[PDB]
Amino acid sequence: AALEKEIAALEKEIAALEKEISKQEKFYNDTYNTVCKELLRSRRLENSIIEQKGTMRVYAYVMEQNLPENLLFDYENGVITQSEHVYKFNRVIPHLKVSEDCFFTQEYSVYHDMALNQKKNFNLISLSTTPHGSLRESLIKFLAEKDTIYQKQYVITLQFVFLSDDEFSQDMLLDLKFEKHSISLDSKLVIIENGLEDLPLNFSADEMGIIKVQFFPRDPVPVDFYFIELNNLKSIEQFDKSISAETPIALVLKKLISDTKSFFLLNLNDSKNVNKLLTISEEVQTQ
């Protein structure tokens, strides 16, 4: 039984290699976790710097699968270069290295925790030229899944509506008054306890939309979060609006930009309409 003896010798070598792998995994996991923690240490400093300077938050989220070679991305310095034009950002985020779930935990959570802890009403304004719902999907998972820290100390509520020009406008959950310094809505009010399960099947679909999220502290005044999406070229064109009109779309935009903490995100996807997104990000910071 020479072949059976060789199997024993090969099984012994597999056992020795697998033991080495198991040990290696422990070290790898420690280093991997440290990297994630250290990156967040940087983001906390970055956030503290933004607060000191009082500048507006404008971030870029880059999918470089089908984009022109002319457009160059500096993920370390927050710069997009065309042509000698340089577009400045707080951070330029690579989609290849950072997923939608990772965006919220690594790149967004510092901002989120800050605004929520100092009871400041805040928002996330996401701009894109291609409709994609995996970002909105990740937001809900991050905020209102069963086991999140936000579900632990807050009761979480959601309202999802879509405003169109002009003028209506419908509820996105089925089938507005401006009080003090927050936007109240007369729509369907849904309490989330288990994440996307409490929302309809058409919620994360299609991979101006407004999501209003309220945070009621457990043991009186609810903290408001607003999630704005512009899906395509036409939607972002209305966002420009001579820095012209009084459409309900612009009426809530002006309210949030002046009365709440803003977070601007540019989702660069298609190669056809990159330049228009880049121009408006420059227009947001200067105005």
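Residue indices: 1-based, along the sequence shown.
Count the deposited residues lacking coordinates between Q118 and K119 and you get none at all. Unmodelled stretch separating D219 from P220: 4 to 9 residues (count of deposited-sequence residues without coordinates). With 131-139 and 176-184 compared on mean CA B-factor from the PDB entry, the stretch scoring higher is 176-184. Look at the C-alpha B-factors of 102-110 and of 87-95. On average they run higher in 87-95. Ranking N202, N77, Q151, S126 by Cα temperature factor from the entry places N202 first.
Considering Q238, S48, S42, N29 together, the PDB entry gives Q238 the largest C-alpha B factor. Annotation for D270: C-alpha temperature factor in the highest third relative to the rest of the modelled chain, per the entry. Among the modelled residues of the chain, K276 sits in the highest third by CA temperature factor in this PDB entry. For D147, the recorded CA B-factor ranks within the lowest third of the chain. Only modelled residues enter the ranking. When the modelled residues of the chain are ordered by their C-alpha B factor, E246 lands in the highest third. Looking at the C-alpha B-factors along this chain, the one for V58 belongs to the lowest third.
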